[PDB]
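Chemist: I'd like to ask you about the structure that follows.
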Amino acid sequence: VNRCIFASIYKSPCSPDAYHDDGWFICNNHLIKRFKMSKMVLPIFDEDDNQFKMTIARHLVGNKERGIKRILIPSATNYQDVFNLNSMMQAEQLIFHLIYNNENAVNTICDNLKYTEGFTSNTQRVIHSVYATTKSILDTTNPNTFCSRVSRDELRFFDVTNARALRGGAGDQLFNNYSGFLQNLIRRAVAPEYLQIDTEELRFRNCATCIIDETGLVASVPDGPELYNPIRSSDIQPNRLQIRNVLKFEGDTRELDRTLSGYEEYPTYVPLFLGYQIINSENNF
Amino acid sequence: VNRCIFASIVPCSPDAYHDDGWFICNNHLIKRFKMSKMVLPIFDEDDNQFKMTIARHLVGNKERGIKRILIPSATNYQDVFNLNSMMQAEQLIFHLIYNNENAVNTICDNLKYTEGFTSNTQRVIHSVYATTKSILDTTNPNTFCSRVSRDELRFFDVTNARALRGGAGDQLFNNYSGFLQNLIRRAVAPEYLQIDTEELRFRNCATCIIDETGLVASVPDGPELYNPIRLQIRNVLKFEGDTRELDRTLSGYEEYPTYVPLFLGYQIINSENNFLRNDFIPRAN
Amino acid sequence: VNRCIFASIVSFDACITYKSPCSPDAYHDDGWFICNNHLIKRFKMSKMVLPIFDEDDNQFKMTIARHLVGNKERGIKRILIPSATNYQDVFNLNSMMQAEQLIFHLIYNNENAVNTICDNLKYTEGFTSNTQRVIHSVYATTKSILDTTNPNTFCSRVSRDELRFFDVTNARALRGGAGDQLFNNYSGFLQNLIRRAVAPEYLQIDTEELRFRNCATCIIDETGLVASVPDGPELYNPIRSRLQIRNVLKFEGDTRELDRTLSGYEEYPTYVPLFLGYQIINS
Amino acid sequence: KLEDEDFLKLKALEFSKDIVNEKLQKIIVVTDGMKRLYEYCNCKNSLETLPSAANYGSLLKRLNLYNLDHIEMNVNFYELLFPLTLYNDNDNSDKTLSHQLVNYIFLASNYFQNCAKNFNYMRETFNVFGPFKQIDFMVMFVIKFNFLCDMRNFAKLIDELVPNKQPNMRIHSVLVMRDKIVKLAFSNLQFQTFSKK
Amino acid sequence: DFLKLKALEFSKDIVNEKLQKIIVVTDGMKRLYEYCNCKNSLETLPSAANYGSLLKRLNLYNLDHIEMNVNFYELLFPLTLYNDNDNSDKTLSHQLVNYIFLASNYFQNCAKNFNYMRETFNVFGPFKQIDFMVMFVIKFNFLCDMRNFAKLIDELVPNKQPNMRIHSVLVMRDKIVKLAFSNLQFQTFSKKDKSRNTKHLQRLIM
Ligand SMILES: [Zn+2]
Ligand SMILES: [Zn+2]
Ligand SMILES: [Zn+2]
């Protein structure tokens with residue numbers, strides 16, 4: 001029932017909603033595991049017919065983190081060690097090699113398994129049935145294939161009008177070269193900053209949330225210091241000492257919240273937007 | 001004891017019975033400035049809880065010109081407060097608030113000219129007057145034994161804050177009426193905070209501007225974001241496809257509302273973190 | 001007894017059986033040989049009757065139809081009927097079942113392709129089966145309709161006395177032009193059905209010329225029939241029995257119970273009638 | 001660097017001349033009074049409103065000589081740029097320029113939006129720059145001028161490419177859906193009770 | 001010569017134009033301007049028979065110079081802003097608005113049915129630029145008819161104050177006019193490299 005790649009595979013506390021028809025193909029549990037993002041919803045409407053309960057996602061990167069830590073989603077470039085798959089189970093390594101089209105590693109794996117008794121006797125069924133199942137996701141994505149059943153009446157853009165950026169534009173090449181299911185996930189996560197409509201156009205946020213670079217997706221504002229964001233810290237080693245500094249302000253008199261709590265509050269979290277989307281006024285045909 | 005500035009009127013929402021430096025019922029804040037009294041959760045979840053006053057921006061998107069003004073200046077006050085549409089008491093109140101002594105005395109003489117005044121309703125009316133006056137009396141920071149803010153400062157620009165620079169909004173506020181100044185300070189969450197320890201940036205874009213005419217709902221750049229609010233046209237726009245049913249997973253996902261916050265100006269805290277005194281103070285720089 | 005052509009059509013195989021067949025109207029004798037169901041399903045029209053006065057309540061009546069095309073569609077969509085020029089592409093026959101395509105090519109006299117398919121089928125088991133007989137029975141029906149009359153007696157009299165000018169009502173509508181001249185070209189079955197489908201705007205008799213509309217509802221077409229106005233924006237066609245914008249900037253309209261007040265008053269219909277040129281009659 | 005810009009314009013001219021094969025000349029250009037065309041530096045062209053454009057306030061002289069005053073001038077971005085879409089496919093297997101063109105079009109659109117929003121007061125600032133109320137009209141020309149220089153710059157960037165027979169319909173669709181609202185924007189330009197002007 | 005003497009005399013007499021001038025009503029231009037002599041009709045699409053000699057002249061001239069858009073608001077709006085006082089002002093306003101509606105519908109139909117028009121014209125005019133020729137000739141026919149209408153309706157008409165009703169109707173019509181333009185497929189297909197290709201933006205300055 002689950003579509004989660006991890007659920008395709010010890011225990012996974014897979015999100016129950018991964019059993020419930022939304023083709024993220026991954027639980028938020030594992031979006032945390034490897035990427036520290038949360039899937040989310042944005043209902044929108046004129047008259048609360050609410051046709052447009054669009055999916056979105058937010059990161060949980062720490063505001064003081066720099067370098068690789070800001071990369072939300074690496075490109076194939078250095079992905080091997082951005083993920084450190086070498087630390088990971090062979091199943092995980094195989095999955096990520098499939099995603100990143102590392103068929104050379106796939107071959108190497110199959111060769112190494114070849115003479116192992118654990119491959120000959122058993123588990124070959126497991127490996128290849130799981131592989132087929134996973135590939136079914138590719139076969140349900142990638143608009144170039146899958147009955148061209150990805151089309152879905154609307155067309156998306158990302159690298160659009162990067163404020164004061166110089167005349168140019170790039171990285172959609174790499175976007176397309178990434179597995180199409182990844183691109184669908186990106187569409188699910190990042191709503192466009194603008195939408196074209198048959199009649200008109202609409203705007204959702206004033207200023208840019210994120211950037212895509214050749215290295216991968218990177219959380220940055222266009223300019224200045226990164227907007228302050230404490231981690232929620234609600235969720236996740238002892239074999240060695242682990243340490244962190246943190247700056248805390250240790251307030252008091254907070255029971256004034258007896259008064260304050262009576263009034264409504266506003267979110268403080270991290271929606272991500274990039275680029276346009278377009279509903280065609282007329283079919284090209 | 002209720003202390004809505006319109007509880008003097010001779011109805012206010014129940015929240016007005018509590019003490020708050022809004023000095024208004026949410027009813028009247030709606031009916032005149034179209035905004036909801038709210039706060040914000042400055043709650044770093046690691047036992048570091050705080051909140052700040054806000055009123056979410058809600059004036060419509062399609063507004064033009066003077067409509068854009070959320071609150072007019074004395075220079076333009078009546079152009080919005082078209083007093084002919086407004087009751088004498090309300091007019092007098094606004095006159096006082098704008099220090100319109102001339103209009104004050106004019107209404108005072110209108111009392112006599114309203115020959116019906118012979119019933120001595122003037123006595124009650126003037127009582128109500130003094131009741132309202134109490135609020136300005138209390139809030140006047142200039143009173144010799146008012147308590148100026150320790151540790152605290154606010155400015156209407158990042159640079160004007162950091163370098164004490166003069167600027168439009170700052171000087172306008174300085175010249176601006178004391179009570180309404182206080183109400184601005186109550187409503188307008190900053191774009192920034194300077195603690196000596198650290199500077200916190202809360203957005204890279206800062207809602208809508210203030211000008212000599214008043215608070216203007218104009219974003220600095222681009223089109224306005226959407227605002228999901230007898231011989232007239234309902235003009236309804238509606239859309240198709242209803243919603244495909246994922247509602248279980250949708251309700252499992254995080255819900256952002258479409259609310260428009262305020263993010264304007266720059267705060268400074270210096271020499272000690274000691275804000276959490278909860279007595280009323282005029283809190284001038 | 002049943003005479004709708006679609007009722008005459010039968011499936012080559014048990015699957016794709018002709019369920020949703022012709023309605024009872026197939027049995028009826030309008031002489032159109034088409035159920036209104038199939039008229040809808042293939043041409044976006046519904047037949048109607050015009051009552052007429054014999055200068056009197058004494059019965060006179062004539063068949064008519066409404067088109068069903070929406071106001072907003074253009075080109076191919078508006079095309080109601082093709083020419084032999086373009087029927088192939090309009091129908092996308094390969095989408096249609098082989099028997100359907102067969103019949104269409106018979107209608108257009110594409111005998112080359114028709115008999116090519118027949119020659120391929122000859123030794124197929126499904127065509128050593130009586131499908132051939134079916135087709136030749138439809139051929140006999142065609143003979144009984146056309147060779148009896150349609151290009152014969154009917155063509156003769158239409159070219160002898162009581163022609164209708166299927167022609168521009170006013171010559172400034174040059175977009176219409178002498179396309180009536182093209183009426184000569186079509187197969188007599190089609191010409192007959194067109195005449196039966198479309199009313200004139202006028203009739204002359206020794207009793208007067210009668211004007212049945214001010215201004216023509218249609219236009220003549222470059223290949224086959226196309227729903228379009230002679231002039232201006234297309235008049236609104238309503239329609240009766242998906243991630244789309246459906247804004248309707250309606251008046252607020254708080255005057256409830258409108259129909260509960262008004263329902264006695266005449267509920268004027270809206271569906272588009274069909275008018276073209278002049279008929280002529282002697283007694 | 002003026003000489004360099006001239007040189008590169010000559011190089012674009014060479015490209016044009018080589019791509020074009022036929023003059024088809026002597027068809028009379030009855031329409032055009034192409035008197036004394038002149039150009040100014042394209043620097044600062046990424047933005048607008050600067051008094052650097054006002055610096056040649058001497059333009060009143062040429063206006064009085066040969067006005068060419070056009071009230072309420074409007075723009076058909078489609079009609080302008082449409083020929084240039086037929087280039088990305090001369091080379092293959094990249095959005096070698098279209099990846100840039102798309103956002104450049106969107107940026108031009110937003111430029112039109114913003115200048116439309118802003119001009120309504122910038123009138124007064126341009127009067128400050130020069131008190132001639134006639135400026136109020138003459139301002140508008142600069143609005144186009146700026147993007148004219150933008151296109152003149154862009155022409156240097158991509159002149160290796162020659163019309164493809166058949167464009168990506170996506171480009172056309174974008175052009176239509178943007179330009180419709182663009183041209184609609186002019187609608188709001190209006191006049192208010194000037195009496196017997 | 002009466003076509004001048006009726007109204008060009010007032011046009012020259014006035015020395016008072018402050019916002020917008022009557023740039024041309026009987027003014028300027030050269031041998032191209034003179035072909036218009038028949039009583040053109042706005043009621044219907046142009047009669048192709050009448051313009052063949054104009055086509056043969058146009059063969060010598062390049063037509064890409066002129067932008068598609070009519071400037072239906074731009075050029076016309078100013079040419080209406082003046083009046084007498086209330087006497088017969090009803091006649092003025094109403095006949096104006098009716099002429100407006102006529103022009104509107106004209107352009108509309110033109111747009112809708114251009115295919116038939118250009119095709120039929122090219123039948124006898126097999127000229128390489130026939131599309132541009134018919135394009136412009138629509139414009140010019142309209143302009144000539146309108147010019148004659150101006151000469152006819154020209155009057156003392158000294159009073160001047162905007163009628164918001166008129167301007168509302170104006171905007172309402174013109175917006176849809178421009179929308180019709182936009183709906184035009186604007187030579188989207190057949191490569192249209194047959195065009196001058198915008199003269200490659202001749203010499204980067206043209
Ligand atoms: Zn899972
Ligand atoms: Zn109140
Ligand atoms: Zn049937």
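Ligands are numbered from 1 in the order shown, residues from 1 within each chain, and chains are lettered A, B, ... in the order they appear in the structure tokens.
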Counting only C-alpha atoms, give me one row per residue of chain A with an atom at most 12 Å from an atom of chain C, showing the shortest contact pair and its distance in Å to one decimal, sorted by chain then residue number, as CSV.

Modeler:
residue,atom,partner,partner_atom,distance
A:45,CA,C:245,CA,11.5
A:46,CA,C:247,CA,10.0
A:47,CA,C:247,CA,10.9
A:49,CA,C:246,CA,11.9
A:50,CA,C:243,CA,11.6
A:51,CA,C:243,CA,7.9
A:52,CA,C:243,CA,9.3
A:152,CA,C:243,CA,9.4
A:153,CA,C:243,CA,8.3
A:154,CA,C:243,CA,9.8
A:196,CA,C:245,CA,11.8
A:197,CA,C:245,CA,8.2
A:198,CA,C:245,CA,7.4
A:199,CA,C:245,CA,8.5
A:200,CA,C:245,CA,10.7
A:279,CA,C:244,CA,8.9
A:280,CA,C:244,CA,10.1
A:281,CA,C:245,CA,9.6
A:282,CA,C:73,CA,11.1
A:285,CA,C:76,CA,11.4

Chemist: Just to be explicit: take each residue in the selection above, keep C-alpha atoms, and write the result as a compact mmCIF listing (two decimals), in the first residue's frame.

Modeler:
# COMPACT_ATOMS: atom_id res chain seq x y z
CA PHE A 45 -9.27 30.06 -3.32
CA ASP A 46 -11.54 32.90 -4.31
CA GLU A 47 -14.73 31.62 -2.63
CA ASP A 49 -14.20 26.20 -3.16
CA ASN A 50 -10.52 25.51 -2.38
CA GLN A 51 -9.63 23.76 -5.63
CA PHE A 52 -5.98 24.64 -5.03
CA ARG A 152 -1.56 17.52 -16.39
CA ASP A 153 -2.67 20.70 -18.19
CA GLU A 154 -0.07 23.08 -16.69
CA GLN A 196 -0.40 32.57 -15.08
CA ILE A 197 -4.14 32.12 -15.51
CA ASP A 198 -6.26 31.90 -18.65
CA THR A 199 -7.45 35.42 -17.86
CA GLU A 200 -4.78 36.90 -15.62
CA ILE A 279 -2.33 27.31 -17.07
CA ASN A 280 -2.64 27.33 -20.85
CA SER A 281 -5.48 29.56 -21.99
CA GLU A 282 -5.83 27.24 -25.00
CA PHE A 285 -3.84 21.57 -30.45

Chemist: Give me, as a list in words, all polymer residues having an atom no more than 8 Å from segment 36-47 of chain C, counting only C-alpha atoms and skipping those fewer than 4 positions away in the same chain.

Modeler: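 Surrounding residues, per the criterion: residues 6, 22, 23, 25, 63, 64, 65, 66, 67, 68, 69, 80, 81 and 197 of chain C.
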
Chemist: May I have the residues within 12 Å of residue 250 of chain A as a list in words, using only C-alpha atoms and disregarding those fewer than 6 positions away in the same chain?

Modeler: residues 43, 44, 45, 46, 47, 48, 49, 50, 273, 274 and 276 of chain B

Chemist: Using atom CA of residue 245 of chain A and atom CA of residue 204 of chain B as the two end points, give the distance in Å to one decimal.

Modeler: 26.6 Å

Chemist: Out of segment 76-122 of chain E, which residues get alpha helix (DSSP H) from DSSP, as an NGL selection string?

Modeler: :E and (76 or 89-122)

Chemist: Now that the selection is made, can you save its residues with C-alpha atoms as a PDB file, in the first residue's frame?

Modeler:
ATOM      1  CA  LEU E  76      -9.582  59.002 -31.858  1.00  0.00           C
ATOM      2  CA  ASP E  89     -25.580  68.292 -27.817  1.00  0.00           C
ATOM      3  CA  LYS E  90     -27.788  65.213 -27.665  1.00  0.00           C
ATOM      4  CA  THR E  91     -27.544  64.891 -31.445  1.00  0.00           C
ATOM      5  CA  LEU E  92     -23.767  65.280 -31.278  1.00  0.00           C
ATOM      6  CA  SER E  93     -23.194  62.795 -28.452  1.00  0.00           C
ATOM      7  CA  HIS E  94     -25.572  60.170 -29.835  1.00  0.00           C
ATOM      8  CA  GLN E  95     -24.403  60.296 -33.453  1.00  0.00           C
ATOM      9  CA  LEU E  96     -20.815  60.161 -32.218  1.00  0.00           C
ATOM     10  CA  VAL E  97     -21.470  57.109 -30.040  1.00  0.00           C
ATOM     11  CA  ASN E  98     -23.250  55.419 -32.943  1.00  0.00           C
ATOM     12  CA  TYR E  99     -20.299  56.061 -35.259  1.00  0.00           C
ATOM     13  CA  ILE E 100     -18.093  54.664 -32.484  1.00  0.00           C
ATOM     14  CA  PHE E 101     -20.136  51.467 -32.329  1.00  0.00           C
ATOM     15  CA  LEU E 102     -20.020  51.210 -36.121  1.00  0.00           C
ATOM     16  CA  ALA E 103     -16.226  51.501 -36.209  1.00  0.00           C
ATOM     17  CA  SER E 104     -16.023  48.963 -33.375  1.00  0.00           C
ATOM     18  CA  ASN E 105     -18.133  46.368 -35.165  1.00  0.00           C
ATOM     19  CA  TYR E 106     -16.264  47.022 -38.414  1.00  0.00           C
ATOM     20  CA  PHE E 107     -12.889  46.230 -36.842  1.00  0.00           C
ATOM     21  CA  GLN E 108     -14.377  43.223 -35.041  1.00  0.00           C
ATOM     22  CA  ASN E 109     -15.700  41.653 -38.254  1.00  0.00           C
ATOM     23  CA  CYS E 110     -12.425  42.477 -40.023  1.00  0.00           C
ATOM     24  CA  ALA E 111     -10.515  40.547 -37.363  1.00  0.00           C
ATOM     25  CA  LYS E 112     -12.925  37.596 -37.370  1.00  0.00           C
ATOM     26  CA  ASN E 113     -12.902  37.174 -41.146  1.00  0.00           C
ATOM     27  CA  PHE E 114      -9.514  38.474 -42.350  1.00  0.00           C
ATOM     28  CA  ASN E 115      -8.645  35.078 -43.880  1.00  0.00           C
ATOM     29  CA  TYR E 116     -11.428  35.298 -46.457  1.00  0.00           C
ATOM     30  CA  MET E 117     -10.493  38.909 -47.203  1.00  0.00           C
ATOM     31  CA  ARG E 118      -6.767  38.432 -47.773  1.00  0.00           C
ATOM     32  CA  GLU E 119      -7.355  35.229 -49.745  1.00  0.00           C
ATOM     33  CA  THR E 120      -9.927  36.786 -52.077  1.00  0.00           C
ATOM     34  CA  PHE E 121      -7.816  39.901 -52.608  1.00  0.00           C
ATOM     35  CA  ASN E 122      -4.713  37.846 -53.402  1.00  0.00           C
TER      36      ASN E 122
END

Chemist: Please identify all residues of chain A having at least one atom at most 8 Å from any atom of chain B, considering only C-alpha atoms, and return them as a ChimeraX atom specification.

Modeler: /A:17,20-22,39-47,49-53,202-207,221,223,225-228,230-233,248-254,256,260,263-268

Chemist: Would you mind exporting N, CA and C atoms of the selected residues as a compact mmCIF listing (two decimals), in the first residue's frame?

Modeler:
# COMPACT_ATOMS: atom_id res chain seq x y z
N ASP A 17 0.76 8.44 6.18
CA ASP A 17 0.24 9.14 5.01
C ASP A 17 0.94 8.73 3.72
N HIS A 20 -1.24 6.77 1.68
CA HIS A 20 -2.50 7.44 1.40
C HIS A 20 -2.45 8.31 0.15
N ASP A 21 -1.98 7.74 -0.96
CA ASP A 21 -2.30 8.11 -2.33
C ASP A 21 -1.55 9.34 -2.84
N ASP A 22 -0.83 10.07 -2.00
CA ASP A 22 -0.03 11.20 -2.46
C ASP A 22 1.35 10.69 -2.85
N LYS A 39 6.92 18.29 4.42
CA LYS A 39 5.82 18.50 3.49
C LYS A 39 4.61 19.12 4.19
N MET A 40 3.87 19.92 3.43
CA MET A 40 2.95 20.92 3.96
C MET A 40 1.91 21.20 2.89
N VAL A 41 0.88 21.97 3.26
CA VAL A 41 -0.19 22.32 2.33
C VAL A 41 -0.48 23.81 2.37
N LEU A 42 -0.91 24.33 1.22
CA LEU A 42 -1.33 25.71 1.03
C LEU A 42 -2.64 25.72 0.27
N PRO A 43 -3.77 25.69 0.97
CA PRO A 43 -5.05 25.97 0.32
C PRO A 43 -5.14 27.41 -0.16
N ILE A 44 -5.76 27.59 -1.32
CA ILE A 44 -5.95 28.90 -1.93
C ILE A 44 -7.28 28.87 -2.66
N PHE A 45 -7.93 30.03 -2.76
CA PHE A 45 -9.27 30.06 -3.32
C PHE A 45 -9.74 31.50 -3.45
N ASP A 46 -10.71 31.70 -4.34
CA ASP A 46 -11.54 32.90 -4.31
C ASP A 46 -12.66 32.78 -3.27
N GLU A 47 -13.51 31.77 -3.43
CA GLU A 47 -14.73 31.62 -2.63
C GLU A 47 -14.67 30.38 -1.74
N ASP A 49 -14.11 27.49 -2.48
CA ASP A 49 -14.20 26.20 -3.16
C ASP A 49 -12.91 25.41 -2.99
N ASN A 50 -11.79 26.11 -2.80
CA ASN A 50 -10.52 25.51 -2.38
C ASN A 50 -10.09 24.39 -3.34
N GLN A 51 -10.16 24.68 -4.64
CA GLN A 51 -9.63 23.76 -5.63
C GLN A 51 -8.12 23.56 -5.49
N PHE A 52 -7.42 24.52 -4.88
CA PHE A 52 -5.98 24.64 -5.03
C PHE A 52 -5.21 24.35 -3.75
N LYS A 53 -5.56 23.26 -3.06
CA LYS A 53 -4.83 22.86 -1.87
C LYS A 53 -3.45 22.33 -2.26
N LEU A 202 -1.15 36.05 -11.12
CA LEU A 202 -1.25 36.25 -9.68
C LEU A 202 0.11 36.04 -9.02
N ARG A 203 0.32 36.76 -7.93
CA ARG A 203 1.58 36.78 -7.18
C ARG A 203 1.34 36.28 -5.77
N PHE A 204 2.31 35.52 -5.23
CA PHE A 204 2.15 34.92 -3.92
C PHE A 204 3.15 35.39 -2.87
N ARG A 205 4.39 35.70 -3.24
CA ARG A 205 5.34 36.24 -2.29
C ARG A 205 6.15 37.35 -2.94
N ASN A 206 6.49 38.37 -2.15
CA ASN A 206 7.24 39.50 -2.67
C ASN A 206 8.65 39.09 -3.07
N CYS A 207 9.36 38.37 -2.20
CA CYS A 207 10.80 38.21 -2.32
C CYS A 207 11.20 36.74 -2.29
N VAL A 221 18.46 33.59 1.04
CA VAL A 221 17.88 34.84 0.56
C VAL A 221 18.81 35.41 -0.49
N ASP A 223 20.22 38.19 -0.55
CA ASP A 223 21.10 39.25 -0.07
C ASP A 223 21.17 39.23 1.45
N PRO A 225 22.29 38.97 5.55
CA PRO A 225 22.28 37.82 6.46
C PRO A 225 21.06 36.93 6.25
N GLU A 226 21.26 35.64 6.49
CA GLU A 226 20.16 34.69 6.44
C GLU A 226 19.13 35.00 7.51
N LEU A 227 17.85 34.90 7.14
CA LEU A 227 16.78 35.18 8.09
C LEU A 227 16.86 34.22 9.26
N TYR A 228 16.76 34.76 10.47
CA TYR A 228 16.87 33.93 11.66
C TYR A 228 15.81 32.84 11.63
N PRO A 230 15.25 29.49 14.30
CA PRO A 230 15.56 28.39 15.21
C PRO A 230 15.04 27.07 14.67
N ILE A 231 15.81 26.01 14.89
CA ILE A 231 15.30 24.68 14.59
C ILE A 231 14.17 24.33 15.55
N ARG A 232 13.19 23.57 15.05
CA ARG A 232 12.15 23.06 15.93
C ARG A 232 12.72 22.09 16.96
N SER A 233 13.75 21.34 16.59
CA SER A 233 14.48 20.45 17.49
C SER A 233 13.60 19.36 18.09
N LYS A 248 21.04 30.76 24.25
CA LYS A 248 19.71 30.75 24.85
C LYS A 248 19.52 32.01 25.68
N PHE A 249 18.26 32.45 25.78
CA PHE A 249 17.96 33.73 26.39
C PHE A 249 17.14 33.64 27.67
N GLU A 250 16.63 32.47 28.04
CA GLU A 250 16.21 32.19 29.41
C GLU A 250 15.28 33.29 29.94
N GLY A 251 14.12 33.40 29.30
CA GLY A 251 13.15 34.40 29.69
C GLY A 251 12.43 34.06 30.98
N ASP A 252 11.72 35.06 31.50
CA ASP A 252 10.94 34.90 32.73
C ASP A 252 9.70 35.77 32.62
N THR A 253 8.82 35.64 33.62
CA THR A 253 7.53 36.34 33.64
C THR A 253 6.62 35.89 32.51
N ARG A 254 6.95 34.75 31.89
CA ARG A 254 6.22 34.29 30.72
C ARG A 254 4.75 34.04 31.02
N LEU A 256 2.66 35.95 31.91
CA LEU A 256 1.91 36.96 31.18
C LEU A 256 1.22 36.37 29.96
N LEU A 260 -1.53 37.07 27.09
CA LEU A 260 -1.14 37.12 25.68
C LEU A 260 -1.84 36.03 24.86
N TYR A 263 -5.01 35.91 22.26
CA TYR A 263 -5.02 36.56 20.96
C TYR A 263 -4.32 35.67 19.93
N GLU A 264 -4.73 35.83 18.67
CA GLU A 264 -4.27 34.96 17.60
C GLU A 264 -2.78 35.15 17.33
N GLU A 265 -2.19 34.14 16.71
CA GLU A 265 -0.76 34.12 16.41
C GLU A 265 -0.55 33.77 14.94
N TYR A 266 0.62 34.16 14.44
CA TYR A 266 0.97 34.06 13.03
C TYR A 266 2.16 33.11 12.86
N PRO A 267 2.22 32.37 11.75
CA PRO A 267 3.34 31.44 11.55
C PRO A 267 4.69 32.14 11.46
N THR A 268 5.74 31.37 11.75
CA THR A 268 7.11 31.86 11.74
C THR A 268 8.02 30.95 10.93

Chemist: Around ligand 1, out to 9 Å and counting only C-alpha atoms and all ligand atoms, which residues are there? I want them as a ChimeraX atom specification.

Modeler: /A:2-8,12-16,18-19,25-31

Chemist: Give me a file of those residues, with N, CA, C and O atoms, as a compact mmCIF listing (two decimals), in the first residue's frame.

Modeler:
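Result written to part-v5.txt:
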# COMPACT_ATOMS: atom_id res chain seq x y z
N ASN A 2 1.92 1.23 0.82
CA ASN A 2 2.83 2.36 0.88
C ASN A 2 3.52 2.57 -0.45
O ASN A 2 3.84 1.62 -1.17
N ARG A 3 3.76 3.84 -0.78
CA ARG A 3 4.59 4.21 -1.91
C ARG A 3 5.99 4.64 -1.49
O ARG A 3 6.85 4.85 -2.36
N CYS A 4 6.24 4.77 -0.19
CA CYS A 4 7.55 5.18 0.28
C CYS A 4 8.63 4.24 -0.22
O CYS A 4 8.49 3.01 -0.14
N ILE A 5 9.71 4.81 -0.74
CA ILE A 5 10.84 3.99 -1.19
C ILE A 5 11.41 3.20 -0.02
O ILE A 5 11.80 2.03 -0.18
N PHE A 6 11.48 3.81 1.16
CA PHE A 6 11.94 3.07 2.33
C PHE A 6 10.98 1.94 2.68
O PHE A 6 11.41 0.83 3.02
N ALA A 7 9.67 2.20 2.59
CA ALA A 7 8.70 1.14 2.82
C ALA A 7 8.81 0.04 1.78
O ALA A 7 8.38 -1.09 2.05
N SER A 8 9.36 0.34 0.61
CA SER A 8 9.63 -0.71 -0.36
C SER A 8 10.64 -1.72 0.18
O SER A 8 10.62 -2.89 -0.21
N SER A 12 11.22 0.52 9.62
CA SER A 12 11.05 1.91 9.22
C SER A 12 9.77 2.45 9.83
O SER A 12 8.67 1.99 9.47
N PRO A 13 9.83 3.43 10.73
CA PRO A 13 8.61 4.15 11.12
C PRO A 13 8.08 5.03 10.00
O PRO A 13 8.01 6.26 10.13
N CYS A 14 7.70 4.41 8.88
CA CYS A 14 7.19 5.17 7.75
C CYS A 14 5.94 5.96 8.14
O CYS A 14 5.12 5.50 8.93
N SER A 15 5.82 7.15 7.58
CA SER A 15 4.63 7.96 7.78
C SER A 15 3.40 7.22 7.28
O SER A 15 3.40 6.73 6.14
N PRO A 16 2.33 7.11 8.07
CA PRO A 16 1.12 6.45 7.56
C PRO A 16 0.55 7.13 6.33
O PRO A 16 -0.09 6.46 5.51
N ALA A 18 2.10 8.08 3.82
CA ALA A 18 2.74 7.53 2.63
C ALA A 18 1.94 6.36 2.05
O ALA A 18 2.17 5.98 0.90
N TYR A 19 1.03 5.79 2.83
CA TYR A 19 0.07 4.81 2.35
C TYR A 19 -1.15 5.44 1.71
O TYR A 19 -2.02 4.70 1.22
N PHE A 25 6.29 9.43 -2.77
CA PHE A 25 7.14 8.25 -2.82
C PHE A 25 8.11 8.19 -1.64
O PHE A 25 9.08 7.44 -1.68
N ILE A 26 7.85 8.98 -0.60
CA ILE A 26 8.73 9.03 0.56
C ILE A 26 7.93 9.61 1.72
O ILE A 26 7.14 10.54 1.55
N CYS A 27 8.15 9.05 2.91
CA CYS A 27 7.59 9.64 4.12
C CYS A 27 8.33 10.92 4.50
O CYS A 27 9.52 11.10 4.22
N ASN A 28 7.60 11.81 5.17
CA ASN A 28 8.25 12.92 5.84
C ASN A 28 9.29 12.42 6.82
O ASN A 28 10.30 13.09 7.07
N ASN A 29 9.08 11.22 7.38
CA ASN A 29 10.10 10.60 8.22
C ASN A 29 11.45 10.58 7.52
O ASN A 29 12.48 10.93 8.10
N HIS A 30 11.45 10.27 6.23
CA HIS A 30 12.72 10.09 5.54
C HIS A 30 13.17 11.37 4.85
O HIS A 30 14.38 11.59 4.68
N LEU A 31 12.22 12.22 4.48
CA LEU A 31 12.56 13.60 4.15
C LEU A 31 13.35 14.24 5.28
O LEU A 31 14.32 14.97 5.03

Chemist: Using only C-alpha atoms and all ligand atoms, find each protein or nucleic acid residue lying at most 12 Å from ligand 2; present the set as a PyMOL selection string.

Modeler: chain B and resi 2-18+22-32+90+132
